[PDB]
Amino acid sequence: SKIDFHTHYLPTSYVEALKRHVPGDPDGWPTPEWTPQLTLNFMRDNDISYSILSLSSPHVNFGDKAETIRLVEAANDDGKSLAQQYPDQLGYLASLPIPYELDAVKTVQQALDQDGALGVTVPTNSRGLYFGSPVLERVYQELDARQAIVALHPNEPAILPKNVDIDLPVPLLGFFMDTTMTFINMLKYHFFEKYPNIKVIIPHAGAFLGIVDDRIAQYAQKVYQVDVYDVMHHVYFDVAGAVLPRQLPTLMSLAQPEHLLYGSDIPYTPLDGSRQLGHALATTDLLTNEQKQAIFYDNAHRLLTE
């Protein structure tokens, strides 16, 4: 069976917040319907024995602090409630009330120490505040002290040129640009050097890292005093998206084999498309049987048992 490290859920209060604050479709991508039953049924039909639920983007920062704290709490309560309802099928990563540092520090401690979260999920940027920002140092310290799993999830870039790619859904190119920019932001701030105990999961096979690393390697070594290649060995990656036949293969010459995790990205990625993507990973000639076994189960299992 497989363990899904990139699968989502949508609390009712979160769905109401989207309709209330976002005109049209969020990220130029229509909000998908969802119920625990949808995920469970998908797990049954695709031999997934365990899913680590996480709140997707847009992040719940709409400009109202009390609202953001309320949404994050509701979302975490749902995650926790589902973990207690299906202890063998569902687990969850806690969302944080970013950009509110002290409040996020409080959520980290509470979600990890008492509410059974397996770790946390954080937006590449929340209305402009990109992860890696020293505005959240105390949050990093609380996460590092707990050797926590930190899964990044791409959000629409804070700002982009308006007269280009007009109406191109944000997930198609924006998400990748943001994840890439965030990774680099983390290198600039010595994140992996200062918080070596955190286990960072970079989604969608590392976005554009497989191409820019080689291009920034020099600058990063000279100006950031960081070896991008060592970092690529240190972090983790989920493999949601069109990772075949080019993206994953390129990533494997940079990533550590034990650090690759399977992900479906349901329900934002239509269930059928997700099934097809997972079937591709199972039958491709680009992966050995050992690698398929690691990506689908062993890697996640090792990570979770630690």
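A residue's number is simply how far along the shown sequence it sits, counting from 1.
Higher average CA B factor: 155-163, of the stretches 87-95 and 155-163.
Higher mean CA temperature factor, per the PDB entry, when comparing 24-32 with 64-72: 24-32. Residue-level inspection of the entry shows that, of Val139, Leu172, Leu129, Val150, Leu172 has the top Cα B-factor.
Sorting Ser274, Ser253, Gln247, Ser54 by the CA temperature factor given in the entry leaves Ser274 at the top. Per-chain ranking of the deposited C-alpha B factor places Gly206 in the lowest third.
When the modelled residues of the chain are ordered by C-alpha B-factor, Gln225 sits in the highest third. Residue-level temperature factors show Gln114 in the highest third of its chain, judged at the C-alpha atom. The entry lists a Cα temperature factor for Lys188 that places it in the lowest third of the chain's modelled residues. Split the chain's modelled residues into thirds by C-alpha temperature factor. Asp265 is in the middle one.
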